[PDB]
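>>> okay, here's the opening piece of the assembly, coordinates as they are in the complex:
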Amino acid sequence: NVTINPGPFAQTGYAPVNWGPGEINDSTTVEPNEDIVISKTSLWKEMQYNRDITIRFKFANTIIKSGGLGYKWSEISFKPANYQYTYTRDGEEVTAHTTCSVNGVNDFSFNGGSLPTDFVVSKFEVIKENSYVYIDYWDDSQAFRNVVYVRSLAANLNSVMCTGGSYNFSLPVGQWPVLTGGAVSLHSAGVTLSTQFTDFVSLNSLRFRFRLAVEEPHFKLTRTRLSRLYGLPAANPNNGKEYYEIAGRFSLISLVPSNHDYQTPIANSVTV
Amino acid sequence: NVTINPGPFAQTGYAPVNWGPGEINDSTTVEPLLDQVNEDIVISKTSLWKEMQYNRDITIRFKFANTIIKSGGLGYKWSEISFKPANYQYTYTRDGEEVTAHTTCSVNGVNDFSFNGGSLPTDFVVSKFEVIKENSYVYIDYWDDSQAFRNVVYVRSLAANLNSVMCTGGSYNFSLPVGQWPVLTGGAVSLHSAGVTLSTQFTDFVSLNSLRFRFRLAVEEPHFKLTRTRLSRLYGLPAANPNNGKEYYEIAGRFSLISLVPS
């Protein structure tokens, strides 16, 4: 036997990672000294990748009915949504997956008196200037391997205009009131990278941040005294669209184990 | 046999980072009107690094806080009682070298409740007063001035074994304009540990970073009740007077750290 000895500068590297989504807003309602060295010196490098990206997101909602005759309501609000798809980068296809949540929500209500059969809506949520629209991007692209130790990231994403649909409430007797309209402009403000450490393993997620400014088509509430409010409701946000689309390029810089040329058994070559 | 070895190397280091608090879940309420090509480049040359684990002894101090808002007409109608994040600053002695720290507490997974004493313009209407019971998590963010927290960027594994603390509630008087006014008292929760989490933010200016020490709750005694109303003996924590007139609750333990630090 012959044994190739190992080199002095040991190999070390990243720990296992399975990408996923970050922490997500939630809610629920009810009705009545020392140091030690693990591995010796190792070798590393810095790089700057550049690539094209396309993202697709769906909003989703939940409506529940207030226990009673049926003219009352309990809550209409946003819900985490997920999507899966595939698209071709200049080189080849890539499969991706997206999770959309929301925060900075605003809430409203209508209370047309109190009679057994009256129309009431206790919480209907809307998006406005004080709001953000997070998005998470877990991918199979070759680049995402070297995105654990990241110095910097940035993006040049352009704008998009989300528009609202129409909802019709299910009253037992009388004209059905409806909620239609609304739209908000989404723009980019930053990015966030999160890691969750469990049992010498890491679960991580990369998510974009957005800031939102208002648009012309106002959503409105029929059969009531609401004053032409701006903002996006949650009843029919996606509006009969399979999805929205955004694209751009993100420049990433990260430490990478250097696949350096020097260490190899002496004489590794085709013979002569 | 034997293998090859390299010559002189470059000097590389961390990028400047400043500690900051975590992004926090929030909601705001509104009162009604009346009653190209694909390419790569190399920025820097080969460098030197290593993996040295650290171990530290921690004591974290936290505090809750709340909001209360009342609507305009004739009183008797409280719209919102809710939690809110808070901040604290302290110096704790470790191995003979004082370390300043800052802490920020937030909550998630809340449960809501309500009580409509009646529909007349004179009655006790409470819309939202929150609680936490087996379906809620309490998040804590923690900074420092010490060395360990200087090199906590680029982490390989971070774990900790902290102890539990039981928290109780206080009482808030719903002092109306008229009549014998009612009272809310009670509160009991146990704080256990779950994972740690690192959270980084990128932008044109300097980057920000913050930790989140997750905790999980298990409900315990004593129960809580609202006097002068029918809801009774529910089990959990309210948000009117969470800290029983105490400036701080404490935790202790030891946390192990690993990171890539230059040679």
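Yep, that arrived. Residues are numbered from 1 along each chain as shown, chains lettered A, B, ... in the order given.
>>> switch to C-alpha atoms for all contacts and neighbour counts from now on
OK.
>>> quick one, what contacts residue A:11?
A:42-43 (C-alpha atoms under 8 Å, 6 or more residues apart in numbering or on different chains).
>>> Show me which residues of the stretch 101-250 of chain A are close to chain B?
A:103-110, A:114, A:149, A:151-154, A:189-202 (C-alpha under 8 Å from any C-alpha of the partner chain).
>>> Let's see that with 6 Å instead.
Residues of the stretch 101-250 of chain A lying close to chain B by C-alpha under 6 Å from any C-alpha of the partner chain are A:104-108, A:149, A:190-196, A:200.
>>> Just put these in JSON lines and tack on neighbour count.
Converted to JSON lines, those look like this (neighbours: other C-alpha atoms under 10 Å in any protein chain shown):
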{"residue": "A:104", "neighbour count": "17"}
{"residue": "A:105", "neighbour count": "21"}
{"residue": "A:106", "neighbour count": "21"}
{"residue": "A:107", "neighbour count": "18"}
{"residue": "A:108", "neighbour count": "15"}
{"residue": "A:149", "neighbour count": "16"}
{"residue": "A:190", "neighbour count": "17"}
{"residue": "A:191", "neighbour count": "21"}
{"residue": "A:192", "neighbour count": "21"}
{"residue": "A:193", "neighbour count": "21"}
{"residue": "A:194", "neighbour count": "23"}
{"residue": "A:195", "neighbour count": "23"}
{"residue": "A:196", "neighbour count": "20"}
{"residue": "A:200", "neighbour count": "11"}
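>>> Distance of residue A:257 relative to residue B:99?
35 Å (C-alpha to C-alpha, to the nearest Å).
>>> what does residue A:227 give?
Applying C-alpha to C-alpha to residue A:227 and residue B:99 gives a distance of 55 Å.
>>> got it, and residue A:21?
34 Å.
>>> Repeat that for residue A:120.
55 Å.
>>> what does residue A:201 give?
In terms of C-alpha to C-alpha, residue A:201 sits 29 Å off from residue B:99.
>>> Identify the residues contacting the helix or strand where residue A:167 lies?
Per DSSP states H and E, residue A:167 falls inside strand A:166-168. Contacts with strand A:166-168, where a contact means C-alpha atoms under 6 Å, 6 or more residues apart in numbering or on different chains, come from A:178-180, A:236.
>>> in its sheet, what does it sit against?
strand A:178-180 (antiparallel) (DSSP bridges).
>>> And the strand it pairs with, what's buried?
Residues of strand A:178-180 classed as buried by neighbour count (16 or more other C-alpha atoms under 10 Å in any protein chain shown): A:179-180.
>>> to the chain's geometric centre, what's the distance from that strand?
27 Å (C-alpha atoms, centre = their mean, to the nearest Å).
>>> Please apply the same query to stretch A:14-28.
11 Å.
>>> Could you report the neighbour count for residue A:131?
20 (other C-alpha atoms under 10 Å in any protein chain shown).
>>> show me what contacts it?
A:104-105.
>>> which phi and psi does the residue nearest the centre of chain A have?
Centrality entry for chain A: nearest residue to the mean C-alpha point is residue A:135, 1.8 Å, by C-alpha atoms, centre = their mean. When read as degrees, to the nearest 10, the backbone of residue A:135 gives phi -140, psi 140.
>>> contacting residues for the residue lying closest to it once chain neighbours are set aside?
Nearest residue to residue A:135, sequence neighbours excluded (C-alpha to C-alpha, 6 or more residues apart in numbering or on different chains): residue A:100, at 4.8 Å. Residues near residue A:100 by C-alpha under 6 Å, 6+ apart: A:80-81, A:135.
>>> at 8 Å what do you get?
Counted by C-alpha under 8 Å, 6+ apart, residue A:100 has contacts A:57-59, A:80-82, A:133-136.
>>> include chain C as well:
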Amino acid sequence: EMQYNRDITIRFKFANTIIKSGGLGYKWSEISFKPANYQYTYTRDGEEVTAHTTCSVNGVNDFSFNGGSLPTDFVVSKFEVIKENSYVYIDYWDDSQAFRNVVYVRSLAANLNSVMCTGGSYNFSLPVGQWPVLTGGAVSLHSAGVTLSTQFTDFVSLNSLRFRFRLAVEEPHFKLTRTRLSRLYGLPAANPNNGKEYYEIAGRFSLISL
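Putting chain C onto the chains we already have gives this:
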């Protein structure tokens, strides 16, 4: 004195051994070679012939990859490669009038051709994380001298000739992905057959028997 000199066709296939350790699924302790056997029928001179063969190696180079000592890290203590400081042995028995007159021999030699052995992919199984994969490798065999030996893979012992070979590496390079290593030359033991039942060799041999 009597003379025999007939044509021949040889077939063979390597075999590999893999052993796991640690109980977590991330660490492997050895990936090596072992002897194997093959059996076949061919028709050289208008007459059928049946046969048995074994393949072996000596002079194996041993490489290693010790990543982190932490419990979750990819460790493969030793895996073998057959670079130039090596040799190969083969043994051939057949059913024919020859090989009943092989013993008590005087002279023996051969004029065989050459072949090309290539590597194949091996997919590790980690519980979580991307899957490291070992792929590639190249080596070619060249003739050398022959001498008698006994292939006892069957219950009965046989009398058989042993053909030795010398090795020379070639272009396709073997690499372990998801690690620092790349562009190493040789032939691993992880998957040498490459989806082929067997390689093939041809030629003739001359023996003088008594």
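>>> Repeat for the contacts of residue A:11, accounting for chain C.
So residue A:11 contacts A:42-43, C:66-68, C:180 (C-alpha under 8 Å, 6+ apart).
>>> Taking those residues, tell me the two that lie furthest apart.
Taking C-alpha to C-alpha as the measure, the contacts of residue A:11 reach their widest spread between A:43 and C:66, a distance of 14.9 Å.
>>> Hmm, residue A:95 and residue A:140 touching each other?
Yes. Between residue A:140 and residue A:95 there is a contact under C-alpha atoms under 8 Å: 6.0 Å.
>>> beta partners for residue A:255?
Applying DSSP bridges, one finds that residue A:255 bridges with residue A:46.
>>> Counting neighbours, what do you get for it?
19.
>>> Count the neighbours of the closest residue to residue A:110 other than its chain neighbours for me.
Leaving aside its chain neighbours, residue A:110 sits nearest to residue A:121 (5.3 Å; criterion: C-alpha to C-alpha, 6+ apart). Using other C-alpha under 10 Å, residue A:121 is surrounded by 18 other residues.
>>> Please determine how far residue A:121 is located from chain B.
Note on residue A:121: its distance to chain B, by C-alpha to the nearest C-alpha, to the nearest Å, is 12 Å.
>>> count of neighbours near residue A:48?
Considering only other C-alpha under 10 Å, residue A:48 is surrounded by 17 other residues.
>>> same check, this time on residue A:216
Count around residue A:216 with other C-alpha under 10 Å applied: 11.
>>> Which residues are in contact with the residue nearest to residue A:110?
A:72-75, A:109-111.
>>> Setting aside sequence neighbours, what's the nearest residue to the residue of the stretch 101-250 of chain A found nearest chain C?
Relative to chain C, the nearest point of the stretch 101-250 of chain A is residue A:200 (6.3 Å; C-alpha to the nearest C-alpha). Closest residue to residue A:200 apart from its sequence neighbours, by C-alpha to C-alpha, 6+ apart: residue B:157 at 5.5 Å.
>>> Contact partners for residue A:62?
Counted by C-alpha under 8 Å, 6+ apart, residue A:62 has contacts A:75-79.
>>> Filter these down to the buried ones, ChimeraX style.
Applying 16+ other C-alpha under 10 Å to the contacts of residue A:62 leaves a buried subset, and the ChimeraX line that selects it is:
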select /A:75,76,77,78,79
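>>> Show me which residues of stretch A:145-164 are buried.
Here stretch A:145-164 shows A:146-155, A:157, A:163-164 as buried, counting by 16+ other C-alpha under 10 Å.
>>> what's the answer for stretch A:82-94, then?
Quick answer for stretch A:82-94 (16+ other C-alpha under 10 Å): residue A:82.
>>> and what of stretch A:231-244?
Buried-residue list, stretch A:231-244, by 16+ other C-alpha under 10 Å: A:231-238.
>>> returning to what we had before: next up, the contacts around the residue of the stretch 101-250 of chain A closest to chain C.
A:15, B:156-158, C:70-72.
>>> how many neighbours does residue A:26 have?
17.
>>> How about the contacts made by it?
B:108-110.
>>> pretty sure residue A:258 contacts residue A:44?
Yes. Using C-alpha under 8 Å, residue A:258 is in contact with residue A:44, at 4.9 Å.
>>> How many residues are close by residue A:271?
Counted with other C-alpha under 10 Å, residue A:271 comes out at 11.
>>> Same check on residue A:53?
When neighbours are counted by other C-alpha under 10 Å, residue A:53 comes out with 15.
>>> And the one 10 residues further on, by the same measure?
As a burial measure, residue A:63 scores 14 neighbours (other C-alpha under 10 Å).
>>> Okay, and the beta partners of it?
Beta-bridge partners, per DSSP bridges, of residue A:63: residue A:76.
>>> could you list every residue that touches it?
A:74-77.
>>> cool, and residue A:192?
Taking C-alpha under 8 Å, 6+ apart as the test, what residue A:192 contacts is A:206-209, B:199-202.
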